[PDB]
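Please read the structure below before turning to the comments.
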Ligand SMILES: CC1=C(CCOP(=O)(O)OP(=O)(O)O)SC(O)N1Cc1cnc(C)nc1N
Ligand SMILES: CC1=C(CCOP(=O)(O)OP(=O)(O)O)SC(O)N1Cc1cnc(C)nc1N
Ligand SMILES: CC1=C(CCOP(=O)(O)OP(=O)(O)O)SC(O)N1Cc1cnc(C)nc1N
Ligand SMILES: Nc1ncnc2c1ncn2[C@@H]1O[C@H](COP(=O)(O)OP(=O)(O)O)[C@@H](O)[C@H]1O
Ligand SMILES: Nc1ncnc2c1ncn2[C@@H]1O[C@H](COP(=O)(O)OP(=O)(O)O)[C@@H](O)[C@H]1O
Ligand SMILES: Nc1ncnc2c1ncn2[C@@H]1O[C@H](COP(=O)(O)OP(=O)(O)O)[C@@H](O)[C@H]1O
Ligand SMILES: [Mg+2]
Ligand SMILES: [Mg+2]
Ligand SMILES: [Mg+2]
């Protein structure tokens, strides 16, 4: 028909796709990243009918990574939408990554029709089984009338407690099945994650422990960024005058330019601290397990975590603070108003930290200042860091490209750096940047990737161009994974294409491409890329043997 | 000979495991020995751990979680490779559903033989993982202190659950240098957390506003060891309360504020419910019609934030430890005058429904005619229940009627089929209670079908001098009897002489068919210094009192 | 009243399930009823299926796979949701390891309550899947014929194994129109495959060239119903053979060509081994040193291609059905004159070691001391075992010594702990053998520990009038007795236990034996008693098996 409003239309019935779209919108899902196909086309269409922003990606890998980044950036679970069978299996990448990083996510996976189960149906798969080991919550929606219930429970399970991934299986007959409107049971709106507080004796014992320590170190993790505790943490550091270290994605909770940051003397600080205060940060590989040879064997630990089971992993916790980061630091701030202790302005600990920071700055100064071409990493970031706005979102991915950018690119706002994370994952790059451009379109999004990392997700540049996302992709091409290689005899397994013109990919989709080989070219290329009104790629050819500055300890062992 | 030089520099995995378990507070180990866990049980006893050898790993895995509940620390179930671990999956699943801690130590075939078809080779970690909070294989003996500490912590901290350690034969017998073994920290008490002060005040204001309030006291408060705080809270507020099946005893059952005798009316008519460590699962009928008002307001105290607002939204969420939060509530109550008034229409309706149900079952309690009904039988059982006894209840009618006729006056003093509705926990639970609290009498009241699942464990009780008192209510079938016959699927043996099983292992056996025999038989069984079975032949068609709603649907 | 108008156009899930099960040849259902499977058991009886109500789901699941092995068709285990299913995982795992078919039907909570914390809500398909060849939830009652057909076929065809059907409560009670239900085909006999002719001929070439050949008869041949072909093959080739524990009976244990009494020498010295439906797992010592020559040539017949060449490479592979391939071997041998010669140095060495092992246990067999040793006990047992009896053996010393002292003359007549070394199969296996073959005697010989795992199923045998004869060898411990305790030893049990009184609790006959003079009259009264019976024998605490060069495990 031409949908003449004069025709009688029954409004009693509603299908599972529409019920799913309404339940999602009610639960605060604003962004849905995916790829359509059988049987989830009606879901994405109904989502747009309710005002949800649908972002069609180029691979389910990037879609599942984008949804957890968007969840991290908004504070509520956002959705990944994938087709049955291989759609879900490609999306297991996001679930595993979200599980390891304690980020929420909602994977909506279509399934083949229930009535054809056992028959070898198109894309028939045991989807709940496969997803369950990676999920905090996984279930199949068996009938469309239960959809509000299942969406409510899946969002609550992903968001409350230690966050994780939720998976909802949607069979075809459920997506298309219809039920009476009045017969659909309502579901309550999931609110904010419940915050819990620590007992008072633990709050006072924490402050008691801090006073006794000669060389105390506060470690700020991305659990404080997730808890939205930046104000409380900045008040605590300002009030106590304690030295602090930020984790990779903990950067920005405290501003990177804060004078109390031991960032430039990280190895010395971990080695010589007699007491560590863990704020939303695990003693996993990223903090070298809290054990020798990176820490003192007798290091005392105050540990603030939402997960009671994490307390005392690897290295025992003297003072355990189990609860919400924002709430517990608020408790600490209120107890410090009854006390008057602060960490003194002049101690040997402060002197050793300042001297080591200056030594590390003096060690990288010649590399930052060296204008020879092909350029090293520190020289390239000199021009990048000079042009990064104070409110930018930075996505970093690679090995040397990522690790050197971690120290050369400051963050001043929390939740403004997205990188390989606790799983050390390549492939999150353009997925994370697309999520950052959809969640905060008023802020510049700059992705700085190595040449290898770009190849995992570089095709999502089309997605950015398709939705008018002015994402700035900067590629540091040394021609290999972690390091370049000469022309050979077969090629090295770590070898790629040092002469690749990755910037031409931008021209395929209507973006701007720039190619940098000499130091004099870098400045004008970056300025034009930031000023170009759309997505851009800047492909920088760096020295094949460029490396990070030498450290006493390898980052891994 | 002590004059012979003997190298003391090395220690094997079985000894490291026993030392690590003793350090983390494991005092009881239930299992069945065999390849390759024999040295583990031997090493455990040398460290002072009490080892109890059962007759089936099913009962062993149930005993381990029962003792964990009673002691407040994870206790051990030790089983052999292959079918040992698969037999023990029953207990892991039950522990997961009840949120009880548990440490299963499972032997495994030697790692050097993986893929060859070794004796009892199995993917044991993979099988157990979906039923556990924690599951891992110990790959090298030097890691044992680390893994024992992490498993005990994972099972005990937060929402408790099952932890599993896979112990290959080469790790059990593998030796390492004693000085090279890295020590682990001792897992302390479970961390407690509190609610925000705003939430404490919102909870108290909501209690003041309600016209028909009801406190529901769950076994989570028994696990939290929060009985003192709960009794102060109920005594301070004068609020009516309902105890869940194993929440019984947190408040004494004879307390004047209990709505136990008017449970259906209390849930149906309340306008506000205060859930204390209780879930809106099937046991509480999901907090939804037809058993509740569609507009019921909910204050929900739970340690798990993901459980908040399941099935029925919570108006006030109190996320944290039960004892700590009720402690906060008691403190905030010390600055208010409010208490629930002594005279309200809500109290009078509760009292009239209690008196109604009492008159309904009074003729069955007093009826001395034989074959007896359930209420007449429990009239003599209840009269001889010591107040410090640990009561194990198991069956359908036998358990459900025992739940109302057998009061508890202390917490953690009733063990029953639980949140999983499990038959087969009876003697395993009773064995665990007798090992943990040998100074307390242990009475298991089972139906005749329930006794069939684990009845062989009576030999375990006798072998260890555990004076467990097993009382069997024998109607001749599952849930109900049946006339003489193919036989009905639910039918069993109405004439079975189960008490003769006691006489097979030195216990005392008593057979009762008449009401005049019940009193003297219970007294002779209670007095006997050893285990005892009282087999009672009840009426085939005896049943529970009529109700408006079926317990399930 | 039949005069009342009754609508007969609808049928529910439990009835569809019963008709589907009976259509697919399910004759026996072992379970324990309760929510939500009560209608399924009642419906099964209406279609003539024999329902046996057990006392624990553990035994129920072991019973179902034993009946599948004896009947050649998957039989049912029926369990309630939640812990019923979790208790039955033991049988699935044991059926998987032994390659025996089995159909587990598990009730489930109603689908419409999923996620709510319903009574006995559980991820039952997820838990059972690693142990099953086939595991699915029946989502709608109209699908029941389809799923039953697919599950029985998946459990029975190819390498057999367990199948699991999850039956939610709203599917059990749900109704469908009679004429709307889609029919399902009847699963027939398992497909048999043959070997290429060049493999048949090369296998025969290998046999001729061997100086010390050995044929190993495994329970794969028993499951394939290949006893006729195997007997014709050993009789035609005159080859020495060794039967596995449950391969016993495929060839009569009294055949002159059995090397059973010289087992270690036959494996150690054979230059060529012909595996007939037997794996080189722990039971055959992996086919490797120190139990075999390092250069041992292997011919391997197995239905599973992936099994071929495990641990020890096979010189000739025969992938197919046991009955079918041995038929090819017998056919090809009719165009050959070769047979293994009547007199060989290999034959004399086998004879000598048998004679030496016979003389090694002969004094223990004849020793009339009380407390008795194991061999003395079995002298009276074996002298009273009917030739058509079904033997169930379970324990450590009790089972291993019963293996050599109780011959089997027919196949599929011995049921024991199997490839998984499982305790707890005893009375479930005996109940299944009594239900399936009620005209045949069923004798279960268990140790004291093993009887404690399933002893309560004696009430099941008494309730269904199954004349199972339970002989318990009580040494007062697990594998060995123990002196009185000071904490009791972990392996210790009750040497003075009167296990036979359990029989008197359920109407059976109980007998107690301590002296050797009492053993004879007690066994004769137990066999003559018209019903189940327990013979409790207090054996010596330190009695052990014949000394061997190698330990059974390592
Ligand atoms: C390839 C790879 C990297 C690229 C370094 O090369 P790239 O050009 O991106 O940066 P460079 O160091 O400046 O050369 S890192 C890394 O861990 N990894 C292994 C790796 C591969 N795949 C996935 C999913 N996660 C990974 N973690
Ligand atoms: C058999 C069985 C019961 C016995 C009632 O019969 P019993 O004689 O013990 O008590 P009665 O009511 O006085 O006659 S209850 C029940 O749920 N059930 C099913 C059931 C079976 N197996 C497992 C593991 N869990 C279960 N839950
Ligand atoms: C207890 C036990 C056995 C009894 C030997 O003692 P029993 O009195 O039955 O026989 P005895 O040797 O004549 O004294 S064997 C064994 O492997 N095992 C460990 C064992 C335990 N649990 C399971 C499920 N499977 C097992 N396999
Ligand atoms: N609201 C919250 N309050 C406190 N801690 C939290 C909260 N949410 C998550 N966490 C914890 O923060 C920790 C983050 O650790 P990790 O991912 O290792 O951070 P990083 O990698 O920055 O060190 C997790 O262990 C998680 O349990
Ligand atoms: N220390 C604690 N404080 C408060 N609640 C707890 C604690 N430990 C466990 N819980 C919670 O108590 C609840 C027990 O509820 P449930 O087992 O349903 O009780 P019942 O069976 O008596 O209704 C679980 O949801 C669990 O998360
Ligand atoms: N019809 C059949 N024909 C041939 N082999 C079969 C058949 N069915 C099963 N099998 C095989 O028989 C083998 C049984 O070996 P196993 O259980 O090790 O027996 P045993 O313990 O007697 O050695 C399995 O590998 C299985 O694949
Ligand atoms: Mg590179
Ligand atoms: Mg009964
Ligand atoms: Mg024994």
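Protein chains in written order, with the authors' numbering: chain C, -5 to 482, 486 to 554; chain B, -2 to 482, 487 to 554; chain A, -2 to 482, 486 to 554.
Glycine included, C-beta positions come from ideal geometry on N, C-alpha and C.
*Is any heavy atom of ligand 6 found at a distance shorter than 7 Å from the C-beta of residue 91 of chain A?*
no
*Which residue comes first and which comes last in the alpha helix (DSSP H) that contains residue 461 of chain A?*
Here residue 461 of chain A belongs to no alpha helix (DSSP H), and DSSP marks it neither H nor E.
*Spatial neighbours of residue 322 of chain B in its chain, beta-carbon cut-off 7 Å, leaving aside the 5 residues before and after*: 191, 192, 298, 315
*asked:* Is the separation between the beta-carbon of residue 203 of chain B and that of residue 313 of chain B shorter than 8 Å?
replied: yes
_Through-space distance from residue 419 of chain C to residue 104 of chain A, alpha-carbon basis_ = 42 Å
*For the 8 Å Cβ check, are there 3 or more pairs between the region 88 to 105 of chain C and the region 155 to 163 of chain C?*
With the cut-off at 8 Å, the region 88 to 105 of chain C and the region 155 to 163 of chain C touch.
*Cα-Cα separation, residue 414 of chain C to residue 477 of chain A*: 59 Å
*Do you know whose CA, among C:518, C:361, C:182, lies nearest residue 613 of chain B's CA?*
Limits of chain B in this structure are -2 at one end and 554 at the other, which puts residue 613 of chain B out of reach.
_Residue ranges of each beta strand (DSSP E) within the region 12 to 88 of chain A, 3 or longer_ = 25 to 28, 47 to 50, 73 to 76
*C-beta neighbour in chain A for residue 147 of chain C, strict 8 Å*: yes
*Say whether the region 82 to 92 of chain B touches the region 49 to 60 of chain B, bearing in mind that this needs 3 or more beta-carbon pairs closer than 8 Å, one atom from each stretch.*
yes
*Compute the minimum distance between the beta carbon of residue 317 of chain C and the heavy atoms of ligand 8, and state whether it is under 7 Å.*
no
_I'd like to check one pair, residue 273 of chain A with residue 218 of chain A: are the Cβ atoms closer than 8 Å?_
yes
_Taking CB distances under 8 Å as the criterion, tell me whether residue 220 of chain A reaches chain B._
no
*For residue 475 of chain C, verify whether its CB is less than 7 Å away from any heavy atom of ligand 1.*
yes
*Whole-Å CB distance - residue 71 of chain B paired with residue 122 of chain B, under 8 Å assumed*: Contact between residue 71 of chain B and residue 122 of chain B fails: their C-beta atoms lie close to 18 Å from each other, not under 8 Å.
*Can the beta-carbon of residue 59 of chain C be found closer than 8 Å to that of residue 112 of chain A?*
No; because the gap between Cβ atoms is not below 8 Å, this pair is not in contact.
*Mind checking which residues open and close the beta strand (DSSP E) that includes residue 448 of chain C?*
Where residue 448 of chain C is concerned, there is no enclosing beta strand (DSSP E), although the alpha helix (DSSP H) it sits in stretches over 445 to 451.
*asked:* Just to confirm before moving on: does the CB-CB distance between residue 306 of chain A and residue 275 of chain A stay below 8 Å?
replied: Not in contact: residue 306 of chain A and residue 275 of chain A (Cβ atoms no closer than 8 Å).
*Are the Cβ atoms of residue 471 of chain C and residue 499 of chain C separated by less than 8 Å?*
In contact: residue 471 of chain C and residue 499 of chain C (Cβ atoms closer than 8 Å).
_Continuous alpha helix (DSSP H) stretch holding residue 502 of chain B: start and end_ = If you look at residue 502 of chain B, you'll find it in the alpha helix (DSSP H) that goes 501 to 505.
*asked:* By the 8 Å beta-carbon criterion, what residues does the region 299 to 331 of chain C contribute toward chain B?
replied: 301, 302, 303, 305, 306, 307, 310, 314, 316, 317, 321
*Run down chain B in chain order and give the residues with a C-beta less than 7 Å from the C-beta of residue 189 of chain C.*
193
*Does the beta carbon of residue 143 of chain A come closer than 8 Å to any beta carbon on chain C?*
yes
*Should residue 304 of chain C be listed as close to ligand 4, given that the test is whether its C-beta is under 7 Å from any heavy atom?*
yes
*Within its chain, find whatever has a CB closer than 8 Å to the CB of residue 76 of chain B; leave out the 5 residues flanking it on each side and keep chain order.*
For residue 76 of chain B, where only same-chain residues beyond five positions count, the Cβ hits under 8 Å are 28, 29, 34, 54, 57, 58, 82, 84, 85, 101, 102, 103, 104.
*Under 8 Å between the Cβ atoms of residue 396 of chain C and residue 375 of chain C?*
no
*CB of residue 470 of chain A to nearest heavy atom of ligand 3: below 7 Å?*
yes
_For a test of your reading of the model: does the CB of residue 444 of chain C fall under 7 Å from any non-hydrogen atom of ligand 7? Yes or no._
yes
*At a Cβ threshold of 8 Å, is residue 278 of chain A touching chain B?*
yes
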